[PDB]
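Single-structure report; data block below.
There are 6 protein chains.
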Amino acid sequence: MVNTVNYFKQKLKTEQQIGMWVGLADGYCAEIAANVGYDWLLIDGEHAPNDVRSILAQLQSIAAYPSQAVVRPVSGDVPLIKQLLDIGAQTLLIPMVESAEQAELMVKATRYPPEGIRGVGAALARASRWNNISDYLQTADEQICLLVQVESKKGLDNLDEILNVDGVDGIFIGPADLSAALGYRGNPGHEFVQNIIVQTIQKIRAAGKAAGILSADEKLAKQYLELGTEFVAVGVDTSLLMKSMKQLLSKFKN
Amino acid sequence: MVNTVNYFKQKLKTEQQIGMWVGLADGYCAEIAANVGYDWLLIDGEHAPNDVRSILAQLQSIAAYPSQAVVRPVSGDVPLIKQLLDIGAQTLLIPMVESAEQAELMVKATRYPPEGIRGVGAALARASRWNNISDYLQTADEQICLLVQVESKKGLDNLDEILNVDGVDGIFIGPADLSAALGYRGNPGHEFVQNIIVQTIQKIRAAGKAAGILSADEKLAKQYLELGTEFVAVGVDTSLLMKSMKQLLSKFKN
Amino acid sequence: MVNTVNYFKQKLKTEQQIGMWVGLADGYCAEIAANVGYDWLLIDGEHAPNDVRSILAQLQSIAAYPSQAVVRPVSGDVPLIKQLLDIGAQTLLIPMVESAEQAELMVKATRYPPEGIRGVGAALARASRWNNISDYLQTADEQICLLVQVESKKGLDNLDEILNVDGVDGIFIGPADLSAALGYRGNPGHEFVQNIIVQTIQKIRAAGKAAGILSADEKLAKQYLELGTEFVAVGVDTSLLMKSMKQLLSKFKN
Amino acid sequence: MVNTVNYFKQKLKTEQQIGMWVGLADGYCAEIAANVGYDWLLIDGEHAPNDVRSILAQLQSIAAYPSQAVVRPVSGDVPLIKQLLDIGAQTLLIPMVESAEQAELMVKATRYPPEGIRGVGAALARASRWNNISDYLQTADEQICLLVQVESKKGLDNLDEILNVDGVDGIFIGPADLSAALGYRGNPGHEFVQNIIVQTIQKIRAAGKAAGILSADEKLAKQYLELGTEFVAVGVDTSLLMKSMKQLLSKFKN
Amino acid sequence: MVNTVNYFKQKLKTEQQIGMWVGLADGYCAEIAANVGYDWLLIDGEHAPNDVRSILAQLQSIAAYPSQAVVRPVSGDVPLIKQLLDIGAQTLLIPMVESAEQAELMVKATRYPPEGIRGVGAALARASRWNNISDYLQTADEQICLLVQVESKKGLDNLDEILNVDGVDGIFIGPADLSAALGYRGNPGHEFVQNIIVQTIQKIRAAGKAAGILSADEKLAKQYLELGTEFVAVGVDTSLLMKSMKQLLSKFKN
Amino acid sequence: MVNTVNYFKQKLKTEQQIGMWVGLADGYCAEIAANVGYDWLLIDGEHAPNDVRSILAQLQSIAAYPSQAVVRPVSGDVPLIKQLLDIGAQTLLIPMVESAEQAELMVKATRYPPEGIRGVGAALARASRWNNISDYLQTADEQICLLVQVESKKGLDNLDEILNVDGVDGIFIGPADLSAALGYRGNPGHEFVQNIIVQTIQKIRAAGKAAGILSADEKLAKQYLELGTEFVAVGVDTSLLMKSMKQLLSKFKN
Ligand SMILES: [Ca+2]
Ligand SMILES: [Ca+2]
Ligand SMILES: [Zn+2]
Ligand SMILES: [Zn+2]
Ligand SMILES: [Zn+2]
Ligand SMILES: [Zn+2]
Ligand SMILES: [Zn+2]
Ligand SMILES: [Zn+2]
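Chains as they are written, first to last, in PDB author numbering: chain A, 1 to 254; chain C, 1 to 254; chain B, 1 to 254; chain A', 1 to 254; chain B', 1 to 254; chain C', 1 to 254. A prime marks a further copy of an entry chain.
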């Protein structure tokens with residue numbers, strides 16, 4: 001067998017990829033999302049009740065479908081990154097990255113020694129298909145994609161420095177965490193926040209990195225796509241489930 | 001503690017109850033549905049991948065919310081009905097009931113001896129809260145609601161007989177199974193099917209029983225409500241999740 | 001490896017075995033019960049939310065301890081009996097046995113062809129330790145113990161006939177189901193019920209079968225032991241958990 | 001989306017398919033087996049500790065790989081067949097089929113009304129991808145494959161009659177159950193059993209049906225392939241795991 | 001919907017709350033404990049085999065009952081605190097707090113930016129009911145209660161400093177960890193330990209914070225209540241299960 | 001009950017122990033491995049998808065068999081070590097230990113205060129059998145075995161210092177991580193690597209500590225045993241499953 005090609009990583013340079021947030025934390029729900037035709041699915045280990053084993057079930061579900069899986073760990077924890085790479089997550093979104101030093105550590109966390117600090121256990125890993133991918137340890141690093149979140153004042157204070165880190169493929173802006181950090185909690189739509197987001201996207205693309213964002217607002221998501229943003233998540237499964245059920249009930253009952 | 005009042009059963013005589021089908025087969029998804037404010041939630045053990053233990057998790061989720069739980073077993077199996085009553089399901093929807101004899105057996109399956117054949121294990125049952133409901137074995141039968149599905153030609157051939165069975169609280173029409181039985185598989189909207197559904201609802205209500213149905217078609221659901229149908233399910237969680245995600249993607253990609 | 005000796009089965013002829021009902025339906029709770037030193041533990045598949053897989057977890061827990069596991073299936077279902085034997089349950093308690101014909105079918109359900117109808121899959125079975133017990137298909141039947149419940153009027157109406165069935169090792173009286181069948185639901189302590197229970201125990205032992213019963217009443221359990229009853233369950237884990245927590249809270253408030 | 005083509009069903013007429021028995025009862029173990037390149041994988045619900053939900057997890061695992069999934073239910077139970085078809089199992093192996101009447105009922109159990117008795121719930125089914133396969137209810141029946149086991153004297157007594165049932169695609173011989181039924185329990189290699197197996201394979205192929213069998217004996221499996229047997233399972237995952245670990249330990253320790 | 005009122009937090013200033021430790025690590029066991037009527041239930045993520053997902057199941061169980069849930073994480077880990085708040089834990093008990101600097105970090109970990117560092121993901125959180133609590137990001141912080149454990153010499157060495165931290169609602173004394181730290185492991189009943197516990201409770205209440213403790217000794221628990229201790233846990237579910245089963249068996253054998 | 005004797009720890013001084021890596025991450029697969037007769041089984045929490053709860057299930061499986069369980073946590077995390085000790089793991093293998101200071105911290109993490117920093121919760125712990133081991137807090141430390149991995153250049157740079165740490169019972173060499181650290185990723189068989197491994201084993205034994213290693217290469221494993229290496233793992237369950245299934249298929253298909 002040949003290593004699974006990371007099409008998400010390749011497409012960061014060739015097209016704009018439309019994403020769905022997956023927080024229903026279940027292999028059955030993830031499979032429903034995988035049937036829709038999103039370019040990417042974010043399996044959220046930070047803000048949904050997921051662990052390594054529930055994330056594996058969702059990778060196994062999504063694997064039969066063209067949608068590319070991206071996993072967000074709860075934090076930039078090097079041992080947890082090791083675990084998520086070994087179950088076969090090829091794209092990671094690291095929350096709350098705030099320095100070049102932390103971004104460089106996240107690069108090393110995704111690469112085998114001697115250049116990186118990714119722990120070696122290919123005989124045990126779904127990532128290598130338990131060594132049925134016979135050249136895994138030489139081909140693995142090429143198909144790993146590292147995305148970091150800038151979503152704090154300290155992150156913005158270190159943006160130029162993070163954008164200079166080789167091996168950071170993309171910077172994702174987190175509008176909920178960023179608007180809260182800026183004193184606009186629950187109000188990312190404010191001009192003060194939006195002006196910072198737009199300038200940040202422009203800086204990311206000017207440094208030759210992919211820019212990413214989530215907005216469940218159709219008009220903001222389309223504006224971000226017009227700016228050239230490479231990976232845009234346009235909704236959240238928990239939100240779509242709750243809203244569709246509320247909208248339906250409102251046709252019959254107040 | 002006093003036995004949990006079955007408000008669904010009481011409301012069969014006083015109002016029209018709006019329902020949501022729950023086929024996502026998970027405690028977390030059931031809790032999302034419970035937050036919307038449906039009169040009833042149908043936990044589907046027939047057409048969703050549920051078992052006694054996954055149904056218990058969903059009863060526990062939904063129990064904190066005013067929505068009334070109804071459980072559909074995979075078939076009119078007396079031992080499975082015993083299990084679903086003991087985990088605390090107070091309303092059951094039995095699929096594919098086709099005779100007065102089968103409906104009578106379903107009544108006995110829901111009632112303690114000596115009148116019925118419900119197995120007795122109150123010390124072990126969530127239904128009795130492990131005997132913290134101190135009079136459970138005396139008060140249980142009063143709060144149990146039995147619904148049967150008529151959804152085959154043999155069911156329609158025994159309708160008057162089923163409507164004469166004391167202890168059947170409601171007859172639910174299954175349009176998917178019934179349209180297939182009638183040779184209109186996937187097309188319940190045909191006049192031949194709809195004329196049979198309407199006369200069936202009229203006969204059910206004329207015999208003083210509650211009539212029920214599911215339609216994800218808003219216009220058909222409202223027409224059934226205009227006929228006086230007592231329990232109308234208006235949608236399905238799996239369908240609402242798939243459709244909302246597809247509708248969203250279509251704003252950005254073909 | 002040699003087949004696991006069924007000590008419960010041997011002790012039916014040599015001592016009186018004290019039992020605990022296990023309805024907490026979890027491997028961790030079953031292990032706590034296994035540490036106490038009961039002669040037997042009844043893993044309840046009838047009145048607790050258990051399935052084959054949760055029953056397997058509890059057999060694996062209990063296997064490291066001297067307590068002997070007995071499994072109660074939800075009914076005398078031949079395919080379910082096959083499944084419970086293959087995960088390695090050596091003693092089964094079949095509920096609601098009501099005829100010699102049903103008791104004979106339960107005997108065949110526990111024995112390999114050509115004498116019985118137990119399905120053969122030793123390569124897959126924990127029962128054979130996946131054929132690490134090399135003579136399993138020759139030695140299995142010897143260590144299987146079949147107990148049947150008499151707990152209905154029809155059961156009592158066929159008692160002499162059931163007691164004549166070779167391969168029935170023991171008859172267990174179910175006081176909750178029997179008192180309900182007799183029109184004393186929730187009141188097994190009535191003299192009318194107790195006189196029937198005592199005569200039934202006497203008839204079972206006079207036919208050379210083991211008699212069994214459950215009573216959470218210390219005085220009745222001790223009377224049943226005085227009669228020579230071979231397997232007496234003296235409590236239920238769910239009841240002991242609820243009662244101990246209530247008794248503790250009562251020291252500090254209402 | 002178009003319905004998933006059943007390549008296993010097509011290949012019954014074009015080639016000999018090599019199979020692996022999957023009894024490790026887990027989505028992670030099933031994925032390991034799916035990586036090897038077997039033509040088919042038998043997910044065993046009869047002799048491994050599987051239920052509908054654990055079988056779904058294994059279908060989701062195997063779905064990303066070319067290996068074709070076949071599911072064996074615990075028995076020819078029509079409601080359980082409904083459940084396994086709705087989670088998306090396209091090929092079923094029914095154990096212990098003993099008459100044309102039972103085989104015809106198994107055909108109806110796999111087909112929608114009005115010709116069959118398969119329950120209709122396409123909005124909820126992984127089988128229809130929750131109606132993302134838009135013509136599922138008209139295209140489903142064509143991709144369903146029904147296999148029945150002949151593995152008892154009564155089965156052999158009704159072989160000509162079962163081979164005349166339209167909609168039975170294949171007859172699988174179960175050597176463990178059959179050798180036990182013939183009084184050769186644990187000894188299927190006896191000439192008396194082997195002569196019956198060979199004649200049975202010849203009769204199955206002479207009636208224009210696919211013949212199938214399992215043998216972990218390489219020489220018998222190759223003899224069955226030389227006879228033209230269309231679907232041959234050549235091993236069992238639990239057996240291969242136990243034997244490989246024993247063989248390795250024997251190199252170091254007695 | 002309005003945010004769930006934290007009654008435990010309110011009652012720290014108005015009454016003495018009686019608590020039960022929940023370490024059976026299961027939604028079904030947590031529901032049994034929720035039926036008893038304790039003021040609070042401690043779901044133990046430190047000393048019971050719990051994770052975020054098992055803690056969510058127990059919050060869902062307990063949510064239908066008046067008992068208030070308190071969650072103990074394994075350590076004062078900021079990302080784990082984020083996860084437990086988002087699944088809807090409103091009261092946290094942080095083990096082994098040893099400085100005002102650590103206590104201040106725990107305060108920030110429970111509060112949204114810009115004042116705190118709690119990660120923002122309200123669309124995904126059971127805590128916001130997936131934004132069905134429409135003002136959650138404005139009202140959340142008010143209903144969060146932070147308790148810290150002092151249970152080491154360094155903790156006692158920083159007690160006055162921790163008691164000066166705004167946002168610490170309560171200090172819980174851990175007698176097992178503290179008696180071990182003091183060189184009286186397994187013997188918290190020693191006068192040297194008890195005199196330190198009593199002075200600590202007095203200092204906590206003198207600084208206007210709630211004091212808490214666990215003792216399964218009725219006499220010590222009642223003495224702590226006489227001192228005015230605001231939150232007293234009086235037992236542990238695992239201990240009550242083991243002890244009740246042992247006490248019962250002792251009536252019938254050694 | 002008396003504390004469970006750690007025979008693995010005792011045998012470090014008396015024999016050479018043969019081990020199997022267990023990475024199938026399931027109680028059922030662990031039980032299969034437990035039946036073979038390995039001296040020790042390594043439950044891998046670092047490179048297999050395990051968590052505290054899945055590791056508990058595997059300890060419960062393995063506990064009925066003479067094989068000794070060793071648990072590898074994902075990292076030298078003090079709170080995770082606390083959790084794994086409380087579920088009853090008596091031998092721990094800590095990955096990537098790189099200094100005497102870290103090794104000393106790992107010793108304290110495994111010992112109760114006042115000498116160590118192991119959190120005290122014996123009423124809740126399977127390790128104490130919920131205090132059914134009445135002297136657990138006095139006898140626990142004696143039966144705990146700490147193994148550390150040296151598998152990086154920094155580890156080798158601090159080897160003499162680590163070998164001087166009292167309470168380190170054994171040093172395990174990780175050839176996959178070490179060969180990668182040395183610039184021979186996927187090629188531990190190189191003379192440069194093997195000469196370092198051999199001198200490392202010699203230094204470990206010269207300092208009176210047990211030496212350990214894993215090699216799935218029979219010739220290297222036997223050479224390590226000839227050097228006197230005290231604990232040698234000779235294979236990996238995932239590898240043996242994949243290889244045995246591939247070897248079997250190759251007899252029938254290319
Ligand atoms: Ca199950
Ligand atoms: Ca978990
Ligand atoms: Zn964020
Ligand atoms: Zn229907
Ligand atoms: Zn009974
Ligand atoms: Zn068979
Ligand atoms: Zn403590
Ligand atoms: Zn390593």
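The beta carbon of each residue, even a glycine, is placed where N, CA and C say it ideally should be.
Assuming residue i and residue j are in contact, meaning their beta carbons sit under 8 Å apart, how far apart are those beta carbons, in whole angstroms?
i                      : j               : result
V148 (chain B')        : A221 (chain B') : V148 (chain B') to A221 (chain B'), Cβ: 21 Å. No contact.
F192 (chain B')        : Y184 (chain B') : 7 Å
residue 269 (chain A') : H47 (chain C)   : Here chain A' comprises residues numbered 1 to 254, so residue 269 (chain A') is not present and cannot be evaluated.
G37 (chain A')         : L249 (chain C') : 6 Å
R72 (chain B')         : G116 (chain B') : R72 (chain B') to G116 (chain B'), Cβ: 20 Å. No contact.
Classify residue i as helix, strand or coil using the three-state DSSP reduction.
i               : result
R118 (chain B') : coil
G155 (chain C)  : helix
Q16 (chain C')  : coil
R205 (chain B') : helix
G212 (chain C') : strand
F252 (chain A)  : coil
Buried or exposed for residue i, please, with buried defined as at least 16 other CB atoms from any protein chain shown within 10 angstroms of its CB.
i               : result
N131 (chain A') : buried
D51 (chain A)   : buried
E151 (chain C)  : buried
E161 (chain C)  : exposed
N195 (chain C') : exposed
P114 (chain A') : exposed
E31 (chain B)   : buried
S134 (chain A') : exposed
Output, in chain order, the set of chain A residues within a Cβ distance shorter than 7 Å of residue i.
i               : result
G183 (chain C') : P114
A63 (chain A')  : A64
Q83 (chain B')  : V74
Give the residues of chain A in contact with residue i, contact being defined as C-beta atoms less than 8 Å apart.
i              : result
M20 (chain C') : Near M20 (chain C') there are no residues of chain A at all, since even the closest Cβ is about 13 Å away, more than 8 Å.
Under 9 Å between beta-carbons, which chain A residues line up against residue i? List them in chain order, please.
i               : result
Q102 (chain B') : Ordered by position in chain A, no residue passes the 9 Å Cβ test against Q102 (chain B'), which lies about 18 Å from the chain.
Applying a beta-carbon distance threshold of less than 8 Å, which residues of chain B' neighbour residue i?
i              : result
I87 (chain C') : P49
Strictly below 7 Å CB to CB, what residues from chain C border residue i?
i               : result
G208 (chain B') : Near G208 (chain B') there are no residues of chain C at all, since even the closest Cβ is about 34 Å away, more than 7 Å.
Find the residues of chain C' that neighbour residue i, judging by a C-beta separation of less than 9 Å, and give them in chain order.
i             : result
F8 (chain A') : None at all; the shortest Cβ gap to chain C' is about 15 Å.
Interface positions of the region 107-138 of chain C' facing chain A (Cβ-Cβ less than 8 Å), listed along the chain
So nothing in the stretch comes that close.
Members of the region 47-80 of chain B that neighbour chain C once the beta carbon cut-off is set at 7 Å
Listed in sequence order: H47, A48, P49, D51, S54, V74 and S75.
Pull out every residue of the region 220-247 of chain C whose Cβ sits closer than 7 Å to any Cβ of chain A', in chain order.
Those would be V236, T238, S239 and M242, in chain order.
Residues in the region 31-44 of chain C' with C-beta within 9 Å of chain A''s C-beta atoms, listed in sequence order?
Listed in sequence order: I32, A33, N35, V36, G37, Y38 and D39.
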